[PDB]
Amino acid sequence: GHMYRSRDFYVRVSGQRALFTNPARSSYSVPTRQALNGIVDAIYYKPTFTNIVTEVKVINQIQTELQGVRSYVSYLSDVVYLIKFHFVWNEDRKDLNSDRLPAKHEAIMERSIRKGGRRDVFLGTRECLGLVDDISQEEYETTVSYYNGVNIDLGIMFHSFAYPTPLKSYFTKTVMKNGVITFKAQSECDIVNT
């Protein structure tokens, strides 16, 4: 049958520091799909649905900062990311069929975005507080990235885990085009480890 999916939602997430790592410390230069999945689920999470992050726009110049601990951690600095995402019903939770109420969950998602998320938002790690704000589709599409006009292949990046502790990790060639990273689905990734 055709599967339900929500409208697109759009959010601006910003922070002074970010640390996106490869679970398997220096940051990747841009967020992993996994870290973005984390941020959208901190905005609003129910076992009834699954948030699907489809696209991110890297708005700011990529800059890093070093922190020595006594022994180095390299962070991104002064980050702004616009995330496009939607949700679908969670087919791993068939028992929650009576809660599959699209108007209910779409309304709550909009309210949750507007008030900066129902939970604390972190940029890849707990010491890196993020700020979530509401943007519209229009703002998403028209905001100019620092990287507009060029593409960069960031090489192979951690994408996400698969669970029944993880059963699989997924990695894939990640290319930022005009600042835009359009995600592949897990099963379309270049590399799967069991």
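Numbers for residues come from their place in the sequence shown, where the first is 1.
K.L.:
Can you count the deposited residues that have no coordinates between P164 and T165 and report it as none, 1 to 3, 4 to 9, or 10 or more?
P.N.:
Per the record, 4 to 9 deposited residues are absent between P164 and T165.
K.L.:
How much of the deposited sequence is absent from the coordinates between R70 and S71: none, 1 to 3, 4 to 9, or 10 or more residues?
P.N.:
Missing in between: 10 or more residues.
K.L.:
So which stretch wins on mean C-alpha B-factor, 34 to 42 or 153 to 161?
P.N.:
Per the deposited B-factors, the answer is 153 to 161.
K.L.:
Per the record, averaged over C-alpha atoms, which has the higher B-factor: 107 to 115 or 90 to 98?
P.N.:
If you average the C-alpha B-factors of 90 to 98 and of 107 to 115, the larger mean comes out for 90 to 98.
K.L.:
Which one, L129, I135, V132, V58, has the peak C-alpha temperature factor per the PDB entry?
P.N.:
So the option with the highest C-alpha B-factor is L129.
K.L.:
Out of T125, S145, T48, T54, which residue has the highest Cα temperature factor in the PDB record?
P.N.:
Within the set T125, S145, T48, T54, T125 shows the top C-alpha B-factor.
K.L.:
Split the chain's modelled residues into thirds by Cα B-factor; is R25 in the lowest, middle or highest one?
P.N.:
Highest third.
K.L.:
Can you work out whether the C-alpha temperature factor of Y170 puts it in the lowest, middle or highest third of the chain?
P.N.:
For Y170, the deposited C-alpha B-factor lands in the highest third.
K.L.:
Sorting the chain's modelled residues by C-alpha B-factor, tell me whether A18 ends up in the lowest, middle or highest third.
P.N.:
Middle third of the chain for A18's C-alpha B-factor.
K.L.:
Per the entry's values, where does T182 land by CA temperature factor relative to the rest of its chain, in the lowest, middle or highest third?
P.N.:
Ranked within chain, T182 CA B lands in the lowest tercile.
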